[PDB]
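Order-wise, the sequence lines are chains A and B. Per the deposited numbering, the very first residue in the first sequence carries number 1; after that it's consecutive. Per the deposited numbering, the very first residue in the second sequence carries number 101; after that it's consecutive. C-beta: ideal position from N, C-alpha, C; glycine also.
2 protein chains.
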Amino acid sequence: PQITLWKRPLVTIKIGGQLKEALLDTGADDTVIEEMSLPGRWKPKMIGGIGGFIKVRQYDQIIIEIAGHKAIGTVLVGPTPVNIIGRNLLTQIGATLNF
Amino acid sequence: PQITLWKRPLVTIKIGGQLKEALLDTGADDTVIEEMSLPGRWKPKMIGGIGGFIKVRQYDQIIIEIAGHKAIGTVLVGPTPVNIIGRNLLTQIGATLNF
Ligand SMILES: COc1ccc2c(c1)OCC/C=C/CCCCN(C[C@@H](O)[C@H](Cc1ccccc1)NC(=O)O[C@H]1CO[C@H]3OCC[C@H]31)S2(=O)=O
Ligand code: NA
Ligand code: NA
C-alpha cells in the first residue's frame, strides 16, 4: 500500500502466534515489542531513545508477519510504550519513504 | 526521491539559515530538534518516548526546509539524541511510506 502520514502508521503484525498492533517506524533501527515470550535464546541489550535507555531481551531469527508480509530478523522485547517495526524488518517488506 | 531503509533516512534541513541533519521519522508524531534559538513565543510540552518523558519547548509556525522542501509548522526543541522530522512536517513535504 501507500500509507499517508496524517495519522500514525499502525499495522497488524503476527509474532509468536499473537496478533499485535505496531507502528511502522523509519526512525527506529530496531524492532521493539512489548513484553511477551518468544522461543529460543536471548541476550540482554540496552537501547536508547528520546527519553533515555531501556533494557530489552534480544531474540534473533524470529519470523514475523507485518501487514501480511512475512519476514525474519531480530526482535527486541521490553518496556516500549508502543510496539514498533524498525528498519531491520521494514527493509524486508520492501518499505520505502517517498516524496 | 525514493528512500530505502538500509541506512538511517538522514536528510539535511535548514532552520534559521543554518543546516542541520535530521531523521525522517514516521514513528514520531511531532518534529523534535536539539537545543537552538528560535523566534517567537514557546510553551513547554512533555513528550513520551522509549526511556520515558522529556520536556520540550513548542514553537509554532516555524519556517523549516527539509530535503529542499519548504515547510512552516511546529518544532519542538529539547534534549533529543537525534534531530527528528515527525509526521507533522512529513505530511507538509508530501511523504508517504510505500510497500
Ligand atoms: C509526539 O512526537 C513524538 C516525537 C518523537 C517520538 C514520539 C513522539 O514517540 C511517541 C510515543 C511512541 C513511542 C514508541 C517508539 C519511539 C517513538 N519515537 C520516534 C522513534 O523513531 C525514535 C527516534 C529516535 C532516534 C534516535 C534516538 C532517539 C529517538 N527511535 C527510537 O526510539 O528507536 C529506538 C529503536 O531503534 C533504535 O534506533 C534508534 C534508537 C532506538 S520518539 O522519538 O519517542
Ligand atoms: Na533465536
Ligand atoms: Na511561533
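Compare the beta carbon distance of residue i and residue j with 9 Å and say whether it is the shorter of the two.
i	j	result
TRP42(A)	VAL77(A)	yes
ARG108(B)	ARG8(A)	no
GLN2(A)	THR196(B)	yes
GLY148(B)	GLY51(A)	yes
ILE63(A)	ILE72(A)	yes
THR80(A)	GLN58(A)	no
Look up residue i in the DSSP assignment and say whether it is helix, strand or coil.
i	result
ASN198(B)	strand
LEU76(A)	strand
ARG8(A)	coil
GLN92(A)	helix
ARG141(B)	coil
What does residue i touch in chain B if you count any residue whose Cβ is under 9 Å from its own?
i	result
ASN98(A)	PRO101, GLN102, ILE103, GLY194, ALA195, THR196, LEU197, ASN198
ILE64(A)	None at all; the shortest Cβ gap to chain B is about 14 Å.
List the residues of chain A that residue i touches, going by C-beta distances under 8 Å, in chain order.
i	result
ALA171(B)	None at all; the shortest Cβ gap to chain A is about 11 Å.
Please list, in chain order, the chain A residues whose beta carbon lies closer than 9 Å to that of residue i.
i	result
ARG157(B)	Simply none; closest approach about 15 Å.
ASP125(B)	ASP25, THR26, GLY27, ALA28
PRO109(B)	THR26, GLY27, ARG87, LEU97
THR191(B)	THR4, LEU5, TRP6
On the premise that residue j lies in contact with residue i, defined as a C-beta separation below 8 Å, what is that separation, rounded to the nearest angstrom?
i	j	result
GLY140(B)	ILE84(A)	The Cβ separation is near 33 Å, so there is no contact.
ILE115(B)	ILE133(B)	7 Å
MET36(A)	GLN18(A)	7 Å
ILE93(A)	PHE199(B)	5 Å
Give me the chain B residues within the contact set of residue i, using Cβ-Cβ distance strictly less than 7 Å, ordered along the chain.
i	result
residue 112(A)	This structure gives no information on residue 112(A), because the portion of chain A shown stretches from 1 to 99.
Please list, in chain order, the chain B residues whose beta carbon lies closer than 8 Å to that of residue i.
i	result
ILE15(A)	Here the premise fails: no neighbours, minimum Cβ distance about 17 Å.
Closer than 8 Å between beta carbons: that is the criterion. Which residues of the stretch 30-42 of chain A meet it against chain B? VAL32
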